[PDB]
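Given as structure tokens, the chain that follows is alone and in the form solved without the partner chain.
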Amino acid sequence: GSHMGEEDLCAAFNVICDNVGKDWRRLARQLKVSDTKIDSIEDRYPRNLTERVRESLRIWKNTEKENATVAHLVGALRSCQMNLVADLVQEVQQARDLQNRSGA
């Protein structure tokens, strides 16, 4: 199994934290977050999404773990109506498709 893990994934988790602003509550829902949590996470940080986000991530991947690959991050981001974001992470998934460069 690879050793380092804060690589390409950095753009997938740093993205969720880069734009934020109702950006996480979108991936959070899609990642399988219930309303009892968004309401909780939101309370834990009423004026700090950058922190509440890191909270789902602990759960977010807890469910799609095996399906929480880089593609899951960007692929999921798109469902959050956040293409501009998903687009920069799309580069994340391109980190390897860039060798031959062949996306959509």
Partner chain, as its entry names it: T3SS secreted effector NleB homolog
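Positions refer to the first chain, counted from 1.
There is also a form deposited with the partner chain bound; it is not shown, and the following applies to it.
Remark: residue 38 counts among the residues lining the partner chain in the entry with it bound, judged by a heavy atom distance of 4.5 Å or less. Taking non-hydrogen atoms only, residue 29 approaches the partner chain to within 4.5 angstroms in the entry with it bound.
Proximity of residue 47 to the partner chain in the entry with it bound: non-hydrogen atoms within 4.5 Å are present.
Using a 4.5 Å cutoff between non-hydrogen atoms, residue 66 does not count as a contact of the partner chain in the entry with it bound. Residues of 50-82 lying near the partner chain in the entry with it bound, listed in sequence order, are 50, 52, 79, 80, 81, the criterion being any heavy atom within 4.5 Å.
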